[PDB]
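Both blocks below hold the same protein chain, though in two forms, and each is given as structure tokens: structure 1 and structure 2.
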Structure 1
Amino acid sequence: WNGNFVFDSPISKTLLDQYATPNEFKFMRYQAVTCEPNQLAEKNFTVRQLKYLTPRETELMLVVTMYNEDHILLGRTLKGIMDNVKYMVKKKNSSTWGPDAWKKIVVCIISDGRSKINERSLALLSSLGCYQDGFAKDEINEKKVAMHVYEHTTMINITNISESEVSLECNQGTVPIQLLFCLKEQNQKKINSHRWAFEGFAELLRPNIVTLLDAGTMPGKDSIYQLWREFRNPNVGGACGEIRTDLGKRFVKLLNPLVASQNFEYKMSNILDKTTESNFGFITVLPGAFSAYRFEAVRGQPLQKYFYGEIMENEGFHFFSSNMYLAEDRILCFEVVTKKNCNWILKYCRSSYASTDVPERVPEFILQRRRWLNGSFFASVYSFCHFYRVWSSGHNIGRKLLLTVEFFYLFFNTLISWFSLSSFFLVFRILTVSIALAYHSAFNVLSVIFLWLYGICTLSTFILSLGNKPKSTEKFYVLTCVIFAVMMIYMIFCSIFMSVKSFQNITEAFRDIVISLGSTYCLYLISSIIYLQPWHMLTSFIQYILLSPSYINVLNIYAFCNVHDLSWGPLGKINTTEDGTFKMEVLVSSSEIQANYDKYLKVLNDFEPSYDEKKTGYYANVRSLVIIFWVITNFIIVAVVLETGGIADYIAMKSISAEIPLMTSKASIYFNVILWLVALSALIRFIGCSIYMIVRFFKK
């Protein structure tokens, strides 16, 4: 048909039996896509939405990218989607959604790898009627087929998902859903799945909004509709929602101390950072979040530089052009906001949420955060370096000024996060030596012991992150996290104990610690109260404080030590039937003997590797230059403050031209500066959250 392989094989008699309990419900269509994603329209490839008597104008296209997820995660995502669609078809007073909105929504499941996909998921997919085995082809007319497209409109919905089963039923209350199962055949990464979603089927369907989901992310009963409502404002070019950690049956997972930490971290992030950024107009949407992008807004330059990167490039490598892939989705946001002659803004929707599952062991936690930290660091660097693009866009003067201010503040936060390695050690060492030097009881030996414990855990973390893999050594990482938590406890004890003794004595530089610690805690709590989600402030808060030194001295170290994933990397056969082989006049020729010799004589008379190894060498050099600069700059700060690195020796020698004192006023000055910075950051984020809630309330 039209030069492409197609097939319409009716679904199983069983499925068709319940579906009946029109043509598109009754056949399942297959399509062998053998072209590039950016050639779907010109190759005469189409989708059923475009074949009926009246073509279907789609309003919302939902992309689910699955790699090897079990049927539970995918079933969770699909159940969320079907619940949303049922809500949107039961809506009464609405111009867009209605009893036939099931026709304006398309679900696109871009599976990755025919080898990698879990059959557990294909069981669910075929049970829904969007897939069946037998007619998947491996190459068509000397061309390898790039992916397989199965299209069905199933009338069944998942209504219950226990810990082991998914309940599929077909009643008068179920709604049809337009599935579209894409299935790549070889393991190309997530960016290629997005390339198929955006440059491929979105070019044929022409949706209004394009929503990106993952496998295992459950949207709420009402989340997708609330995210769709954000695009009423014609200036909105993107949006995102809140991300909740799901705690399992009656919050059983809170007993794990690595899940409570992430619960508090997620809810703090959503309450403070997302609202503060959304006030200005530019967001940097969280990885696990589900986002939506107006097709017109992302169409053109944003997509082009998200997929291919900076085109202007010679045969050699350039820094931003060849590393931008580390900040994958955060380039779409930056290019949408700063589009030329266009005033798109990014908005954060709090009425839309989705509950995802978080890692529960340290190895996978570290491996997950390795991508987040690198992405956030490179995205901030790039966005700060290219802030002049804000003044070439179409925004008004006030919105350009606001975006410039936000880009400066984001780089300020990145600069703070870069020096955390030295900041934590400086605070810890100054505090432990100050209390020892003031009270003398047993804190001298504790100071020495804790200095040595940190150094044995920092050195080992560097070495294992540079050479080993987290899965190989999990017990050591658990031990390191426990040791850092104990050090945190000791730091808290020192601060409280000296503050209490100074209160009894009344010093300023230590009673100030009480002043700030209370201010930032109260700002956190007041923001939580205003956001109307305050239970995290006590339920899962302590574990965040204890596993916070391990987020600054383990996740950061592994993230920086693993910037890029560097993977370095006949004739003749005899089978005699029975003591007898094949004879001939070949070789017997003597002239050939003088001819299979003269050639060899001449070869004793006559007297850079591929692009992959070159790119790998460049990536390794970049990774080892970043690490070295990080360590050197942090030690520069430490040696300037504590007078380590032989500086105190040098000053003593100049004075002789004496001996080293125990502590100086630089320690006090630095100790005040750090808490001032922390207080300023907390104040800024509190003000941002307050403005967000006030504006939202007035608009509502």
Structure 2
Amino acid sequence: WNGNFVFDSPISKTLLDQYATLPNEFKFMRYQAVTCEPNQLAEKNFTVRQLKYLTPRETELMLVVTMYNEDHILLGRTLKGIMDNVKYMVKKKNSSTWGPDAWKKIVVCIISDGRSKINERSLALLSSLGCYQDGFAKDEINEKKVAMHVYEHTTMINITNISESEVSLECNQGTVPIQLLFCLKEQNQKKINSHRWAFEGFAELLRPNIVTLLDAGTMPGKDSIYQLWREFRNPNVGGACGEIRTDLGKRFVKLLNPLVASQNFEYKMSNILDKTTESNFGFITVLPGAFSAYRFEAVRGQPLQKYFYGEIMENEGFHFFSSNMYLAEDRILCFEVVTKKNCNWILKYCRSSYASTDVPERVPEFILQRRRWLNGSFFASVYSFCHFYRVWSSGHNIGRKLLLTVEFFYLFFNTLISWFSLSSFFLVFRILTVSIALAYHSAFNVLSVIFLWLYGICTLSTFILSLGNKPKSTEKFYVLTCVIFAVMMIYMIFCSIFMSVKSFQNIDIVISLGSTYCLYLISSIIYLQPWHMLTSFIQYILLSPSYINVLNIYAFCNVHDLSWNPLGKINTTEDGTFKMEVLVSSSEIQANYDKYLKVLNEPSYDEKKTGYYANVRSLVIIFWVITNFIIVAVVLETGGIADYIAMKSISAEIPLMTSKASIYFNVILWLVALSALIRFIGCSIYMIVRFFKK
């Protein structure tokens, strides 16, 4: 058909039996062998059923779900969320867009990447829905490798219950049809290629209004997708995101794990403070698991082009934003949408839309997950700060350009703070432990020495294992390191409290620690989600030194993933002379000798790119360590500086502590207080504006 392989094989008699409990699209399942590039779907005469009926279907919302090639449970969770949202949107009464036939304006796209990696349970479930069936998959046509397989069905069944082991599929008068579209790549290309298929491929044929990106295992709420869609009423909005919640399992059983409570508090703090503060200015960065939506006309053009391919202008050699730009290629979309030329798109954060995802529960996978977040956030901030002049070439008004400039400066200020945390934590810890020892003398001298040595044995080992080993290989040591750092944090808290109490008895750390805690709590109260402030808060404080001295070290030590004529067969069962008298010459005997006597008379692009990536990774690490030690040696007078000053004075001996320690200790808490104040003000403005608009 039209030069492409197609097939319409009716779904199982069983499925068809319940579907009737009939128009044409419910009854056949269509297959399509896509053998072109994603950016060629329209010109290759490839189409989708939405475009073939008597009246073509104008789609309003395209839900792209990236199959995790994982257990059906996660995918079933995502699909159940989507079907619940669609049912809500078809039961809506007073609405111009959604109605009893909105099931026709929504398309679900499941871009599975591993044709072999895909879990059998997923295909088994997808088959139950009727959007897949085995048997007709041509791995080669016209002597050309088919790039992916497209199966299209409109199933009338919905998942209504998902226990710990089963998904309940039923077909009643209350179920709604859903337009599935199962894409299935055949070879392991990364997530950016899945997005390339979603955006440059099927979105070019369907022409949606909004394009929503989901993952496998992310459950949207009963009402989340509709609330995210409502954000695009304002014609200026070019993107949006929602809240991310850690799901705690049956009656919050997972809170007993101390690595899940930490992430619960971290997620809810992030959503309450950072997302609202950024959304006030107008530029936000979708969280890794946060469900996102992009108005199609907004991302179309330059944003997509530099998200997929990167900076085109590049010679044969490599460049920081021409060979390393991909590091922030994702957040590039947000950076490119906001700063589009002659266009005033803004990014908005929706709090009425949430999605509950599952968080890692062991330290190895936690470290491996955060390795991609930290590198992405660091490179994205560097790039956005370096290219802030683009804000003044866009189409915004003067006030919105000024606001965006201020936000970019503040974001780079936060990045600069996070870069020096390695030295800041050690400086605070050492100054505090030596000050209390020097003031009270009781047993804190030996504790100071012991804790200095414990930190050094855990920092050195973390560097070495992150540079050479893998987290899965050594999990017990990482658990031990986290426990040791938690004990050090307990001791630091004890020193601060104890000296503050004694100073109160005798008559700033107490002043700030209370201010930032109260700002946190007041923001939580205003956001109307205050239970995290006590339920899962302590574990965040104890596993906070391990977020500054383990996740950062591994993230920086693993910036890029660097992966560095036969003939002659004789076998005669009867020992027969197959060659016999043949292949027997006297002139050839001289030919080989003459030829042999006559003889006696940079590697590929991959290794070059790998070398460049390794050099970048080892230059970043070295600069990080050197600058942090520069700060430490300037403050504590380590590195032989105190020796040098003593020698100049002789031209004496080293004192125990100086006023530089006090000055630095005050500066750090002032910075912390300023950051907390800024984020509190941002959250307050967000809630006030939202309330007035509502």
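Between two forms, the rigid core is defined as the largest C-alpha subset superposing within 1.5 Å. Numbers given to residues start at 1 and step along the sequence of structure 1.
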*asked:* If I align on the rigid core, exactly one of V405, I456, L415, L587 should have its C-alpha move by 2 Å or more between structure 1 and structure 2; which residue is that?
replied: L587
_Superpose the two forms on the rigid core and tell me the Cα shift of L15 between structure 1 and structure 2 in angstrom._
0.1
*Cα shift of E328 between structure 1 and structure 2 after core superposition, in Å?*
3.3
